[PDB]
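Printed here is input-v7.pdb (PDB, C-alpha atoms):
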ATOM      1  CA  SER G   1     -34.646   0.353   1.418  1.00  0.00           C
ATOM      2  CA  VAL G   2     -31.527  -0.085  -0.799  1.00  0.00           C
ATOM      3  CA  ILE G   3     -30.731  -3.276   1.139  1.00  0.00           C
ATOM      4  CA  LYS G   4     -31.360  -6.940   0.100  1.00  0.00           C
ATOM      5  CA  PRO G   5     -32.117  -9.811   2.577  1.00  0.00           C
ATOM      6  CA  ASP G   6     -28.958 -11.540   1.468  1.00  0.00           C
ATOM      7  CA  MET G   7     -25.855  -9.411   0.896  1.00  0.00           C
ATOM      8  CA  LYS G   8     -22.156 -10.049   0.220  1.00  0.00           C
ATOM      9  CA  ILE G   9     -18.955  -8.799   1.849  1.00  0.00           C
ATOM     10  CA  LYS G  10     -15.519  -8.156   0.516  1.00  0.00           C
ATOM     11  CA  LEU G  11     -12.668  -6.667   2.596  1.00  0.00           C
ATOM     12  CA  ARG G  12      -8.999  -5.942   2.992  1.00  0.00           C
ATOM     13  CA  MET G  13      -7.221  -5.038   6.334  1.00  0.00           C
ATOM     14  CA  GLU G  14      -3.753  -3.689   6.413  1.00  0.00           C
ATOM     15  CA  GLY G  15      -2.216  -3.213   9.834  1.00  0.00           C
ATOM     16  CA  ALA G  16       0.439  -3.647  12.341  1.00  0.00           C
ATOM     17  CA  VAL G  17       0.810  -4.862  15.923  1.00  0.00           C
ATOM     18  CA  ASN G  18       3.885  -3.780  17.935  1.00  0.00           C
ATOM     19  CA  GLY G  19       5.403  -2.715  14.603  1.00  0.00           C
ATOM     20  CA  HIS G  20       4.923  -6.081  12.789  1.00  0.00           C
ATOM     21  CA  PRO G  21       2.881  -5.555   9.548  1.00  0.00           C
ATOM     22  CA  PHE G  22       0.331  -7.863   8.115  1.00  0.00           C
ATOM     23  CA  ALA G  23      -2.582  -7.985   5.728  1.00  0.00           C
ATOM     24  CA  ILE G  24      -5.727 -10.018   5.668  1.00  0.00           C
ATOM     25  CA  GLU G  25      -8.464 -10.412   3.013  1.00  0.00           C
ATOM     26  CA  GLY G  26     -11.932 -11.630   3.532  1.00  0.00           C
ATOM     27  CA  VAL G  27     -15.133 -12.596   1.785  1.00  0.00           C
ATOM     28  CA  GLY G  28     -18.425 -13.284   3.457  1.00  0.00           C
ATOM     29  CA  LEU G  29     -22.135 -12.885   3.420  1.00  0.00           C
ATOM     30  CA  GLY G  30     -24.895 -11.765   5.727  1.00  0.00           C
ATOM     31  CA  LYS G  31     -28.578 -11.142   6.313  1.00  0.00           C
ATOM     32  CA  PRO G  32     -28.841  -7.480   7.324  1.00  0.00           C
ATOM     33  CA  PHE G  33     -32.445  -7.755   8.606  1.00  0.00           C
ATOM     34  CA  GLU G  34     -31.796 -10.882  10.626  1.00  0.00           C
ATOM     35  CA  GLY G  35     -28.528  -9.283  12.073  1.00  0.00           C
ATOM     36  CA  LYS G  36     -26.344 -12.215  10.992  1.00  0.00           C
ATOM     37  CA  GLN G  37     -23.147 -12.623   9.026  1.00  0.00           C
ATOM     38  CA  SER G  38     -20.316 -14.997   8.434  1.00  0.00           C
ATOM     39  CA  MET G  39     -17.029 -14.633   6.561  1.00  0.00           C
ATOM     40  CA  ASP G  40     -13.848 -16.473   5.626  1.00  0.00           C
ATOM     41  CA  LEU G  41     -10.582 -14.649   6.217  1.00  0.00           C
ATOM     42  CA  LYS G  42      -7.100 -15.236   4.795  1.00  0.00           C
ATOM     43  CA  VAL G  43      -3.831 -13.951   6.003  1.00  0.00           C
ATOM     44  CA  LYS G  44      -2.042 -12.633   2.929  1.00  0.00           C
ATOM     45  CA  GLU G  45       1.060 -10.990   4.501  1.00  0.00           C
ATOM     46  CA  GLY G  46       2.839 -11.259   7.835  1.00  0.00           C
ATOM     47  CA  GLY G  47       1.555 -14.765   8.577  1.00  0.00           C
ATOM     48  CA  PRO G  48       1.577 -16.778  10.618  1.00  0.00           C
ATOM     49  CA  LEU G  49       0.385 -13.950  12.899  1.00  0.00           C
ATOM     50  CA  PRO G  50       2.373 -13.688  16.049  1.00  0.00           C
ATOM     51  CA  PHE G  51      -0.515 -12.325  18.196  1.00  0.00           C
ATOM     52  CA  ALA G  52      -3.943 -13.543  19.306  1.00  0.00           C
ATOM     53  CA  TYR G  53      -6.313 -13.443  16.351  1.00  0.00           C
ATOM     54  CA  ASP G  54      -9.211 -12.333  18.691  1.00  0.00           C
ATOM     55  CA  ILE G  55      -7.910  -8.770  18.827  1.00  0.00           C
ATOM     56  CA  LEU G  56      -8.918  -8.435  15.159  1.00  0.00           C
ATOM     57  CA  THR G  57     -12.346  -9.976  15.069  1.00  0.00           C
ATOM     58  CA  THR G  58     -14.574  -7.105  16.182  1.00  0.00           C
ATOM     59  CA  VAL G  59     -12.898  -4.962  13.560  1.00  0.00           C
ATOM     60  CA  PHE G  60     -13.859  -7.432  10.708  1.00  0.00           C
ATOM     61  CA  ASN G  61     -20.453  -3.198  10.248  1.00  0.00           C
ATOM     62  CA  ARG G  62     -23.582  -2.409  12.249  1.00  0.00           C
ATOM     63  CA  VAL G  63     -25.748  -2.764   9.084  1.00  0.00           C
ATOM     64  CA  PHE G  64     -25.754  -6.445  10.256  1.00  0.00           C
ATOM     65  CA  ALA G  65     -28.036  -6.028  13.213  1.00  0.00           C
ATOM     66  CA  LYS G  66     -31.789  -6.688  13.678  1.00  0.00           C
ATOM     67  CA  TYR G  67     -33.325  -3.292  14.291  1.00  0.00           C
ATOM     68  CA  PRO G  68     -36.950  -3.133  15.330  1.00  0.00           C
ATOM     69  CA  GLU G  69     -39.724  -0.786  14.246  1.00  0.00           C
ATOM     70  CA  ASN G  70     -39.095   1.380  17.329  1.00  0.00           C
ATOM     71  CA  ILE G  71     -35.663   2.923  16.464  1.00  0.00           C
ATOM     72  CA  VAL G  72     -33.974   4.940  13.758  1.00  0.00           C
ATOM     73  CA  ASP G  73     -31.580   2.638  11.865  1.00  0.00           C
ATOM     74  CA  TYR G  74     -28.681   5.014  11.121  1.00  0.00           C
ATOM     75  CA  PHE G  75     -26.740   2.338   9.277  1.00  0.00           C
ATOM     76  CA  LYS G  76     -29.338   1.028   6.809  1.00  0.00           C
ATOM     77  CA  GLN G  77     -30.172   4.705   5.936  1.00  0.00           C
ATOM     78  CA  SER G  78     -26.507   5.647   5.169  1.00  0.00           C
ATOM     79  CA  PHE G  79     -26.525   3.635   1.943  1.00  0.00           C
ATOM     80  CA  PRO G  80     -25.994   3.423  -0.973  1.00  0.00           C
ATOM     81  CA  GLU G  81     -23.164   5.939  -0.297  1.00  0.00           C
ATOM     82  CA  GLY G  82     -22.114   4.301   2.988  1.00  0.00           C
ATOM     83  CA  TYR G  83     -20.308   5.314   6.176  1.00  0.00           C
ATOM     84  CA  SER G  84     -17.063   4.953   7.955  1.00  0.00           C
ATOM     85  CA  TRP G  85     -16.026   4.386  11.535  1.00  0.00           C
ATOM     86  CA  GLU G  86     -13.127   4.943  13.902  1.00  0.00           C
ATOM     87  CA  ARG G  87     -12.431   2.893  17.136  1.00  0.00           C
ATOM     88  CA  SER G  88      -9.850   2.847  19.918  1.00  0.00           C
ATOM     89  CA  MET G  89      -9.674  -0.392  21.865  1.00  0.00           C
ATOM     90  CA  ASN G  90      -8.002   0.059  25.264  1.00  0.00           C
ATOM     91  CA  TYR G  91      -6.931  -3.186  26.930  1.00  0.00           C
ATOM     92  CA  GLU G  92      -6.362  -3.356  30.670  1.00  0.00           C
ATOM     93  CA  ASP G  93      -2.629  -4.052  30.468  1.00  0.00           C
ATOM     94  CA  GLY G  94      -1.884  -0.967  28.405  1.00  0.00           C
ATOM     95  CA  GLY G  95      -2.195  -2.555  24.927  1.00  0.00           C
ATOM     96  CA  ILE G  96      -4.037  -0.108  22.622  1.00  0.00           C
ATOM     97  CA  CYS G  97      -5.401  -0.644  19.163  1.00  0.00           C
ATOM     98  CA  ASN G  98      -6.744   1.989  16.724  1.00  0.00           C
ATOM     99  CA  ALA G  99      -8.762   0.961  13.708  1.00  0.00           C
ATOM    100  CA  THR G 100     -10.844   2.602  10.913  1.00  0.00           C
ATOM    101  CA  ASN G 101     -13.158   1.077   8.425  1.00  0.00           C
ATOM    102  CA  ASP G 102     -14.544   2.755   5.288  1.00  0.00           C
ATOM    103  CA  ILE G 103     -17.607   0.986   4.023  1.00  0.00           C
ATOM    104  CA  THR G 104     -18.904   1.449   0.464  1.00  0.00           C
ATOM    105  CA  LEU G 105     -21.330  -0.585  -1.601  1.00  0.00           C
ATOM    106  CA  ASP G 106     -21.092  -2.026  -5.103  1.00  0.00           C
ATOM    107  CA  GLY G 107     -24.215  -3.878  -6.201  1.00  0.00           C
ATOM    108  CA  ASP G 108     -25.183  -6.223  -3.397  1.00  0.00           C
ATOM    109  CA  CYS G 109     -21.551  -6.295  -2.051  1.00  0.00           C
ATOM    110  CA  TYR G 110     -20.291  -4.247   0.868  1.00  0.00           C
ATOM    111  CA  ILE G 111     -16.664  -3.276   0.371  1.00  0.00           C
ATOM    112  CA  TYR G 112     -14.465  -2.593   3.486  1.00  0.00           C
ATOM    113  CA  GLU G 113     -11.110  -0.759   3.555  1.00  0.00           C
ATOM    114  CA  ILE G 114      -9.691  -1.355   7.100  1.00  0.00           C
ATOM    115  CA  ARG G 115      -6.588  -0.048   8.855  1.00  0.00           C
ATOM    116  CA  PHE G 116      -5.542  -1.623  12.214  1.00  0.00           C
ATOM    117  CA  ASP G 117      -2.741  -0.498  14.463  1.00  0.00           C
ATOM    118  CA  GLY G 118      -1.863  -1.866  17.868  1.00  0.00           C
ATOM    119  CA  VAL G 119       1.005  -1.014  20.230  1.00  0.00           C
ATOM    120  CA  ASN G 120       2.329  -1.695  23.723  1.00  0.00           C
ATOM    121  CA  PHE G 121       1.172  -5.265  24.066  1.00  0.00           C
ATOM    122  CA  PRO G 122       3.597  -6.864  26.531  1.00  0.00           C
ATOM    123  CA  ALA G 123       5.663  -9.849  25.481  1.00  0.00           C
ATOM    124  CA  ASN G 124       4.290 -12.029  28.290  1.00  0.00           C
ATOM    125  CA  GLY G 125       0.647 -10.922  28.168  1.00  0.00           C
ATOM    126  CA  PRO G 126      -2.269 -12.862  26.722  1.00  0.00           C
ATOM    127  CA  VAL G 127      -2.187 -11.323  23.257  1.00  0.00           C
ATOM    128  CA  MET G 128       1.464 -11.966  22.414  1.00  0.00           C
ATOM    129  CA  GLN G 129       1.236 -15.424  24.120  1.00  0.00           C
ATOM    130  CA  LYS G 130      -2.023 -16.342  22.348  1.00  0.00           C
ATOM    131  CA  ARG G 131      -3.888 -17.217  25.504  1.00  0.00           C
ATOM    132  CA  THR G 132      -7.278 -15.765  24.528  1.00  0.00           C
ATOM    133  CA  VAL G 133     -10.254 -18.068  23.993  1.00  0.00           C
ATOM    134  CA  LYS G 134     -13.154 -15.800  22.860  1.00  0.00           C
ATOM    135  CA  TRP G 135     -14.889 -12.508  23.370  1.00  0.00           C
ATOM    136  CA  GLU G 136     -17.808 -12.693  25.813  1.00  0.00           C
ATOM    137  CA  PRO G 137     -21.264 -11.542  24.633  1.00  0.00           C
ATOM    138  CA  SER G 138     -21.552  -7.810  24.917  1.00  0.00           C
ATOM    139  CA  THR G 139     -23.892  -4.800  24.782  1.00  0.00           C
ATOM    140  CA  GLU G 140     -22.941  -1.731  22.852  1.00  0.00           C
ATOM    141  CA  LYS G 141     -24.500   1.614  23.897  1.00  0.00           C
ATOM    142  CA  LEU G 142     -25.105   4.064  21.066  1.00  0.00           C
ATOM    143  CA  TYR G 143     -25.775   7.704  21.687  1.00  0.00           C
ATOM    144  CA  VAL G 144     -25.247  11.106  20.115  1.00  0.00           C
ATOM    145  CA  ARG G 145     -22.771  13.633  21.139  1.00  0.00           C
ATOM    146  CA  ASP G 146     -22.394  16.915  19.281  1.00  0.00           C
ATOM    147  CA  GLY G 147     -24.080  15.657  16.141  1.00  0.00           C
ATOM    148  CA  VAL G 148     -22.108  12.349  15.814  1.00  0.00           C
ATOM    149  CA  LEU G 149     -23.316   8.802  16.552  1.00  0.00           C
ATOM    150  CA  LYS G 150     -21.031   7.048  19.194  1.00  0.00           C
ATOM    151  CA  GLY G 151     -20.820   3.526  20.562  1.00  0.00           C
ATOM    152  CA  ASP G 152     -19.217   2.314  23.817  1.00  0.00           C
ATOM    153  CA  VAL G 153     -18.534  -1.278  24.729  1.00  0.00           C
ATOM    154  CA  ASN G 154     -16.965  -2.416  27.971  1.00  0.00           C
ATOM    155  CA  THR G 155     -16.209  -6.070  27.467  1.00  0.00           C
ATOM    156  CA  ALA G 156     -13.606  -8.803  28.100  1.00  0.00           C
ATOM    157  CA  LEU G 157     -11.966 -11.752  26.493  1.00  0.00           C
ATOM    158  CA  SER G 158     -11.991 -15.091  28.207  1.00  0.00           C
ATOM    159  CA  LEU G 159      -8.453 -16.522  28.814  1.00  0.00           C
ATOM    160  CA  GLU G 160      -7.292 -20.148  28.505  1.00  0.00           C
ATOM    161  CA  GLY G 161      -6.995 -21.164  32.174  1.00  0.00           C
ATOM    162  CA  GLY G 162      -9.889 -19.210  33.504  1.00  0.00           C
ATOM    163  CA  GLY G 163      -9.589 -15.456  33.930  1.00  0.00           C
ATOM    164  CA  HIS G 164     -10.714 -12.532  31.874  1.00  0.00           C
ATOM    165  CA  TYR G 165      -8.883  -9.708  30.082  1.00  0.00           C
ATOM    166  CA  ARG G 166     -10.808  -6.407  29.879  1.00  0.00           C
ATOM    167  CA  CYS G 167     -11.114  -4.148  26.906  1.00  0.00           C
ATOM    168  CA  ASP G 168     -13.050  -0.879  26.487  1.00  0.00           C
ATOM    169  CA  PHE G 169     -13.997   0.230  22.938  1.00  0.00           C
ATOM    170  CA  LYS G 170     -15.061   3.724  21.771  1.00  0.00           C
ATOM    171  CA  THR G 171     -16.363   3.865  18.205  1.00  0.00           C
ATOM    172  CA  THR G 172     -17.394   6.956  16.219  1.00  0.00           C
ATOM    173  CA  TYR G 173     -19.694   6.341  13.280  1.00  0.00           C
ATOM    174  CA  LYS G 174     -19.811   8.923  10.414  1.00  0.00           C
ATOM    175  CA  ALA G 175     -22.385   8.674   7.614  1.00  0.00           C
ATOM    176  CA  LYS G 176     -21.354  10.465   4.337  1.00  0.00           C
ATOM    177  CA  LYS G 177     -24.862  11.879   4.013  1.00  0.00           C
ATOM    178  CA  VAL G 178     -27.212  13.669   6.322  1.00  0.00           C
ATOM    179  CA  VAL G 179     -29.199  10.938   8.111  1.00  0.00           C
ATOM    180  CA  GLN G 180     -31.191  10.937  11.374  1.00  0.00           C
ATOM    181  CA  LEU G 181     -29.819  11.280  14.917  1.00  0.00           C
ATOM    182  CA  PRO G 182     -31.131   8.016  16.452  1.00  0.00           C
ATOM    183  CA  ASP G 183     -32.230   8.167  20.099  1.00  0.00           C
ATOM    184  CA  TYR G 184     -30.076   6.482  22.780  1.00  0.00           C
ATOM    185  CA  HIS G 185     -30.151   2.632  22.337  1.00  0.00           C
ATOM    186  CA  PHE G 186     -28.187  -0.671  22.649  1.00  0.00           C
ATOM    187  CA  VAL G 187     -27.065  -3.460  20.360  1.00  0.00           C
ATOM    188  CA  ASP G 188     -26.276  -6.908  21.805  1.00  0.00           C
ATOM    189  CA  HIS G 189     -23.371  -8.763  20.065  1.00  0.00           C
ATOM    190  CA  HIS G 190     -22.269 -12.302  19.899  1.00  0.00           C
ATOM    191  CA  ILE G 191     -19.061 -12.948  17.866  1.00  0.00           C
ATOM    192  CA  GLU G 192     -17.440 -16.314  17.402  1.00  0.00           C
ATOM    193  CA  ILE G 193     -14.691 -17.972  15.465  1.00  0.00           C
ATOM    194  CA  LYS G 194     -16.433 -21.103  14.079  1.00  0.00           C
ATOM    195  CA  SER G 195     -13.344 -22.792  12.645  1.00  0.00           C
ATOM    196  CA  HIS G 196      -9.749 -22.030  11.881  1.00  0.00           C
ATOM    197  CA  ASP G 197      -6.672 -23.830  10.801  1.00  0.00           C
ATOM    198  CA  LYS G 198      -3.659 -24.437  13.044  1.00  0.00           C
ATOM    199  CA  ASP G 199      -1.962 -21.021  12.661  1.00  0.00           C
ATOM    200  CA  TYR G 200      -5.115 -18.947  11.934  1.00  0.00           C
ATOM    201  CA  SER G 201      -4.177 -18.377   8.262  1.00  0.00           C
ATOM    202  CA  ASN G 202      -7.755 -19.362   7.539  1.00  0.00           C
ATOM    203  CA  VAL G 203     -10.575 -18.356   9.709  1.00  0.00           C
ATOM    204  CA  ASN G 204     -14.356 -18.582   9.617  1.00  0.00           C
ATOM    205  CA  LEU G 205     -16.065 -15.944  11.755  1.00  0.00           C
ATOM    206  CA  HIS G 206     -19.717 -15.319  12.682  1.00  0.00           C
ATOM    207  CA  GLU G 207     -21.547 -12.476  14.388  1.00  0.00           C
ATOM    208  CA  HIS G 208     -25.125 -11.944  15.446  1.00  0.00           C
ATOM    209  CA  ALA G 209     -26.455  -8.680  16.712  1.00  0.00           C
ATOM    210  CA  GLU G 210     -29.934  -7.188  17.722  1.00  0.00           C
ATOM    211  CA  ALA G 211     -30.833  -3.598  18.784  1.00  0.00           C
ATOM    212  CA  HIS G 212     -33.203  -2.845  21.736  1.00  0.00           C
ATOM    213  CA  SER G 213     -34.293  -0.365  24.430  1.00  0.00           C
TER     214      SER G 213
END
Can the structure from this file be put into structure tokens for me?
Amino acid sequence: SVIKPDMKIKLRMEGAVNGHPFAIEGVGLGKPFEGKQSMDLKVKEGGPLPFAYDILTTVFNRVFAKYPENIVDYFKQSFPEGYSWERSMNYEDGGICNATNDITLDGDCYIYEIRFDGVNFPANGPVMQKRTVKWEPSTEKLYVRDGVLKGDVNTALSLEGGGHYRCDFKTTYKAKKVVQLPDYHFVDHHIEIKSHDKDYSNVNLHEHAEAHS
């Protein structure tokens, strides 16, 4: 173990959605063994954001996830040197977002470098009209294909009058160090925005996650 029970987070995301650039910075902390984390986020450029903040939240580290005895923890074992991931997020109306995160460690602080690019969100859909309410709880499936750890999530956002908006994620995780193939498993997620100001310039975000099979 290189991993304390309390650990800090620092991050920067640069990105664009339908060609509008922005940048967000964040600081948080979590409990990697409990699978819990919370963070405060600040829009530094491009604010106030003209799209639903929820498209960002799953992009703002599977180190924060209660793994039992039973299963190889690929993420705790990647450190100190860390790991990166890539994700495409395909929404049901054709909106597509690509993101990457590079995760290093300095002391007890995880450092994230994030890029986030979304296109083809329609002007009258729920993202550009800010009609999303929250992501539902979800289950990620992790498995190995040709020597790389993958994770699929088929989930949906809840919409303001009732209704859901589907999104399928495909993530590829890449340790920078030979670590174990884990065996096929799941992680359950619950992400929530606990508070925010009026225009989402300031946001407080929480996640809790546990692995199982």
Each residue of stretch 80-154 of chain G with at least one atom at most 6 Å from stretch 175-186 of chain G should appear once, together with its nearest atom pair and the corresponding distance in Å (one decimal); atoms considered: all atoms listed in the file; ordering: chain, then increasing residue number; output as a Markdown table.
| residue | atom | partner | partner_atom | distance |
| --- | --- | --- | --- | --- |
| G:83 | CA | G:175 | CA | 4.2 |
| G:140 | CA | G:186 | CA | 5.4 |
| G:141 | CA | G:186 | CA | 4.5 |
| G:142 | CA | G:185 | CA | 5.4 |
| G:143 | CA | G:184 | CA | 4.6 |
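Proximity ranking of G:49, G:71, G:103, G:63 relative to residue G:11 places G:103 first, based on all atoms listed in the file.
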Give me, as a PDB file with C-alpha atoms, in the frame of the given file, all polymer residues having an atom no more than 7 Å from stretch 117-123 of chain G, counting only C-alpha atoms and skipping those fewer than 5 positions away in the same chain.
ATOM      1  CA  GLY G  15      -2.216  -3.213   9.834  1.00  0.00           C
ATOM      2  CA  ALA G  16       0.439  -3.647  12.341  1.00  0.00           C
ATOM      3  CA  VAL G  17       0.810  -4.862  15.923  1.00  0.00           C
ATOM      4  CA  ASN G  18       3.885  -3.780  17.935  1.00  0.00           C
ATOM      5  CA  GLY G  94      -1.884  -0.967  28.405  1.00  0.00           C
ATOM      6  CA  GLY G  95      -2.195  -2.555  24.927  1.00  0.00           C
ATOM      7  CA  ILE G  96      -4.037  -0.108  22.622  1.00  0.00           C
ATOM      8  CA  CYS G  97      -5.401  -0.644  19.163  1.00  0.00           C
ATOM      9  CA  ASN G  98      -6.744   1.989  16.724  1.00  0.00           C
ATOM     10  CA  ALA G  99      -8.762   0.961  13.708  1.00  0.00           C
ATOM     11  CA  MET G 128       1.464 -11.966  22.414  1.00  0.00           C
TER      12      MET G 128
END
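When atom CA of residue G:23 is paired with atom CA of residue G:47, their separation reads 8.4 Å.
Residue nearest residue G:154, chosen from G:115, G:130, G:189, G:12 and counting only C-alpha atoms: G:189.
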Test item: the PyMOL selection byres ((chain G and resi 7) around 10) resolved as a PyMOL selection string | chain G and resi 3-6+8-9+28-32+37+64+107-110
Please work out which residues fall within 10 Å of (-21.7, 10.7, 15.6), coordinates as given in the file, with all atoms listed in the file counting, and return them as a PyMOL selection string.
-> chain G and resi 85+142-151+171-175+181-182
Kindly give the distance, in Å, that separates atom CA of residue G:60 and atom CA of residue G:106, rounded to a single decimal.
->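 These atoms are spaced 18.2 Å apart.
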